[PDB]
Amino acid sequence: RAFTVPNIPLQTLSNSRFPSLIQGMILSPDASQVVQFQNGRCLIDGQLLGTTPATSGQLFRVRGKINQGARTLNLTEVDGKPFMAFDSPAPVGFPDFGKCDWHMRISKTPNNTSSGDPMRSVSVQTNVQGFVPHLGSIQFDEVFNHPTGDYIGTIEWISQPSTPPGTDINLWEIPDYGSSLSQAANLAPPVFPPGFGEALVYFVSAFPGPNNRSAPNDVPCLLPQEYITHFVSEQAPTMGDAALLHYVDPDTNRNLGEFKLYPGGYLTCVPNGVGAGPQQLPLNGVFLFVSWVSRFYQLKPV
Amino acid sequence: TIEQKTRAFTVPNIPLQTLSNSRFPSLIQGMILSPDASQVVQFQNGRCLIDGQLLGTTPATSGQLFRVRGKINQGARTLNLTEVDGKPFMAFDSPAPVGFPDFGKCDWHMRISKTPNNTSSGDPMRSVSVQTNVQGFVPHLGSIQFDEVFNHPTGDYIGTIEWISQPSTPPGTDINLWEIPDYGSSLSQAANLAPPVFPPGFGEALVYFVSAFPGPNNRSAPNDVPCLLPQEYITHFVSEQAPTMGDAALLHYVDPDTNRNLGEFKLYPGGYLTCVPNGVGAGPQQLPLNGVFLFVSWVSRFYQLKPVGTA
Ligand SMILES: CC(=O)N[C@@H]1[C@@H](O[C@@H]2O[C@H](CO)[C@H](O)[C@H](O[C@H]3O[C@H](CO)[C@H](O)[C@H](O)[C@H]3NC(C)=O)[C@H]2O[C@@H]2O[C@@H](C)[C@@H](O)[C@@H](O)[C@@H]2O)[C@H](O)[C@@H](CO)O[C@H]1O
Ligand SMILES: CC(=O)N[C@@H]1[C@@H](O[C@@H]2O[C@H](CO)[C@H](O)[C@H](O[C@H]3O[C@H](CO)[C@H](O)[C@H](O)[C@H]3NC(C)=O)[C@H]2O[C@@H]2O[C@@H](C)[C@@H](O)[C@@H](O)[C@@H]2O)[C@H](O)[C@@H](CO)O[C@H]1O
Ligand code: NA
Ligand code: NA
């Protein structure tokens, strides 16, 4: 099977850390930034990593059982199937937003009622002892004084982490999935700055909530979700050190820049000095696979 | 190019249980037939020709699906709609902004927030309610009306429907997710609505993919939202733009464990699937959800399907 990427403009594609349109393409503000996102991780031959779902349907959802008067949500997969702990860091699609407090909205499922607002607000801190999704559970800030059941929902907005007090949201980081006695199994590995003039490319979307900068909370990810779905469906074997892509303006067929898509499921480019980079490019372009290339291929600067 | 005009038709090679609803972002939880065998549908989302032509308000991807954005003044009840990216909604061109919800015959309970964030603390979320059969529900004309005065700062608000309930009027009537809302007014009909989809007859019945949406109803049952196509199918067709080479695409719903065909379906170019129920009570709801639809061949519209399920 010949390798391809989706023929859809970037601005129409989706973030792979939460369902939303991509709103920007950037380099990390810190050139030394290492990332270890658990969602939006897929080998370009269609092998999912970490907690990454094949599609957006499963992405950024939380499901579990909770008892009336408890603080603990005992996680399942999003479809209600048991979560097999000690295999994965968390259920498939579980949020990977580190260094923030989560303000979630959940409801008891399925509906078995003829009236009533089913929505419940709960808050989750990610650096506390009770945040142990790898062990199958997360702890809410307050006792859950609502009916026992199977609850499903998502993070509605985020805010600064409660501890250490005064620290800001940092969406470049992931939460601590493991416990004091056990580290999380099968975490998607870290992705390091490639060096040799190359820099990692991140796709960003804004997420609701405050921060210390009184600015949008921007969520970086490594791949559009549609790319992941495409790779899972296509299962095209990787035949080079990297896939060479052109970012093409579909209005003119003009090549706006060269990028490498590595087998590990991330993109790089070579910025043409400070001030240059993919953030200078329009967001209506389409990536096009050109050729497999070796490790000795030097990208033309963007 | 030659390659473009000869590009072979394909569908995504992913099990159904992993695919997504095209009326709101959620995994597909089942396949059903409409309870009324004469049910005509006219959903505005999840509408795409199999050569990749989008219809109604259908977005190419899930990123735009089931979102609402607009401007509202403090002390007003009117949300002046824009596209999800903030750009103006060109009214009279479409029934509503791309991705705008098409849930008819229910009250909408929405959650919205002012965008972009310009705060260092505080819960930005606001609850508003929208009735869809009132004179103020005119998305085609560029606006919808909240039930209550909006006593929050004037600005650009984005959000979605969080849960639904029975329509307020006529009092006592139930949610009916088979229906779409009236997008226009009595003096102005909605332009460029995706056309209705009719039962094929002659033994064939339309197939719907369902996902539960939060909220009550008169039956104390899940609010199952039916759609015609998985969203991944729509994205695939938009990307591929494979030419339609026959009246219908014959699909087999194949068990990934045994490679056995569990059911024959026809995917029509208008962007919907049919099957032949194997008697009263039989249908695709009897099939497991881990099957994969595989494209077999182009066939004529007169091609007869092996009946699916058991009576
Ligand atoms: C330190 C403490 O427990 N203070 C209690 C008060 O609770 C705090 O009130 C703040 C406004 O005055 C604010 O709402 C705090 O929460 C927000 O800010 C923090 C930043 O550190 C986090 O970003 C939170 O996620 C965010 N939450 C919301 C909903 O906006 C709030 O502190 C939070 O809640 C308390 C109860 C505790 O769990 C903290 O760990 C948590 O950060 C409270 O208003 C007051 C009256 O009950 O009591 C104070 O002791
Ligand atoms: C008829 C009327 O206006 N009654 C007023 C009270 O409002 C109603 O209260 C009900 C509970 O006793 C219930 O919450 C009604 O709303 C729910 O049910 C209807 C169907 O019957 C719809 O499904 C609504 O969407 C649903 N809403 C919620 C939040 O669950 C409620 O009527 C609704 O709200 C009022 C204000 C009005 O806008 C109605 O059009 C709407 O249906 C109200 O509580 C009371 C003041 O406190 O005044 C009563 O006259
Ligand atoms: Na932990
Ligand atoms: Na109307």
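As a reminder, the structure under discussion sits directly above these lines.
Below: a short report on this structure.

## What to know about the coordination of the sodium ion (ligand 4)
Residue and element names in this part refer to chain B.
Next, step 1: Every protein donor of the sodium ion (ligand 4) is accounted for by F137 (O), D182 (O) and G184 (O), and the metal-donor separations fall at 2.4 to 2.8 Å.
Next, step 2: In terms of primary sequence, the donors binding the sodium ion (ligand 4) are separated according to F-x44-D-x1-G.
Next, step 3: For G184, a relative accessible area of 6% puts it in the buried group.

## Observations concerning the coordination of the sodium ion (ligand 3)
Next, step 1: The sodium ion (ligand 3) binds to the protein through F131 of chain A (O), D176 of chain A (O) and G178 of chain A (O); the donor distances cover 2.3 to 2.6 Å.
Next, step 2: When its relative accessible area of 7% is taken as the criterion, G178 of chain A is described as buried.

## Quick word on the site of ligand 2
Residues and elements named next belong to chain B.
Next, step 1: Near ligand 2 you find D107, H109, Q131, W163, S165, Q166 and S168, and these make up its full shell.
Next, step 2: At 3.2 Å from an oxygen atom of ligand 2 is found a side-chain nitrogen or oxygen belonging to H109.
Next, step 3: A distance of 2.8 Å separates an oxygen atom of ligand 2 from a polar atom in the side chain of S165.
Next, step 4: Bound to the protein, ligand 2 loses 29% of the 860 Å² it would expose on its own.
Next, step 5: Of the residues in the shell around ligand 2, the class split is 1 nonpolar, 5 polar and 1 charged.

## Digging into the layout of surface pockets
Next, step 1: There is about 810 Å³ of room inside the second largest pocket.
Next, step 2: Lining the second largest pocket are 26 residues, and of these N7 and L288 of chain A together with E3, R7 and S239 of chain B sit closest to its centre.
Next, step 3: Put simply, the parts of the chain that give the lining of the second largest pocket at least two residues each are α1 (225–234) and β16 (286–293) of chain A together with α1 (2–6) and α2 (231–240) of chain B.
Next, step 4: Ranked by residues supplied to the lining of the second largest pocket, first place goes to β16 of chain A with 4 residues.

## Remarks on the sheet that holds strand β1 (residues 30–32) of chain B
Note: strands within a sheet are paired through backbone hydrogen bonds, in either parallel or antiparallel orientation.
Residue and element names in this part refer to chain B.
Next, step 1: The strand order β1-β9-β10 describes an open sheet built from 3 strands, whose pairing is antiparallel. Two strands in the sheet have a free side with no partner beyond their single neighbour: β1 and β10 (223–227). In this sheet, adjacent strand axes meet at a mean angle of 45 degrees when their direction is disregarded.
Next, step 2: Two strands pair when backbone bridges link them, and β1 and strand β9 (residues 208–213) are joined in this way by 3 bridges, in the antiparallel orientation. When the bridges of β9 are listed, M31 appears paired with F209.

## A few points about the state of the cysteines
Residue and element names in this part refer to chain B.
Next, step 1: Applying the stated criterion to the full structure yields 0 disulfides over all chains.
Next, step 2: The closest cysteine sulfur to the non-disulfide-bonded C48 is located on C227, 13 Å from its own sulfur.
Next, step 3: Sulfur of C106: no disulfide; nearest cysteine sulfur belongs to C227 and is 16 Å away.
Next, step 4: Using a relative accessible area of 1% as the deciding quantity, one classes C106 as buried.

## Structural notes on the pattern of salt bridges
Residues and elements named next belong to chain B.
Next, step 1: All told, the structure shown has 13 salt bridges over all chains when counted by the stated rule.
Next, step 2: With a closest N to O distance of 2.7 Å, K105 and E179 form a salt bridge. You can see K105 sitting in the loop between β3 (76–82) and β4 (107–114) and its partner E179 sitting in the loop between β7 (155–165) and β8 (205–206), a full 74 residues away along the chain.
Next, step 3: By relative accessible area, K105 is classed as partly exposed at 41%.
Next, step 4: The closest approach of N and O atoms between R219 and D174, which form a salt bridge, is 2.9 Å. Taken together, the residues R219 in the loop between β9 and β10 and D174 in the loop between β7 and β8 connect sequence positions 45 residues apart.

Here is what the cut-offs are and how they apply
Residues numbered from 1 in each chain as written, not as in the entry; some residues may be left out. Chains lettered and ligands numbered in written order. Heavy atoms only, no water. Donors = N, O, S within 2.8 Å, 3.2 Å for Na, K, Ca; no water. Buried < 20%, exposed > 50% of the residue type's maximum accessible area, 1.4 Å probe, protein only. Near = heavy atom within 4 Å. Polar contact = N/O pair within 3.5 Å; in protein donor to acceptor, adjacent residues only side chain to side chain. Areas by Shrake-Rupley, 256 points an atom, 1.4 Å probe, with all protein chains shown as cover. Nonpolar A, V, L, I, M, F, W, Y, C, P; charged D, E, K, R; others polar. 1 Å grid on protein atoms, 1.4 Å probe; cavity = no way out; pocket = protein on both sides within 12 Å on 5 of 7 lines; lining within 4 Å. Points joined across faces, edges and corners; volume = space filled by probe spheres on them. Helix = DSSP H or I, 4+ residues; strand = E, 2+ residues; numbered from the N terminus. Pairing = 2+ DSSP bridges. Axes fitted to C-alpha atoms, helices over the stretch in contact; angles between N-to-C directions. Disulfide = S-S within 2.5 Å. Salt bridge = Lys/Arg side-chain N within 4 Å of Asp/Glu carboxyl O.

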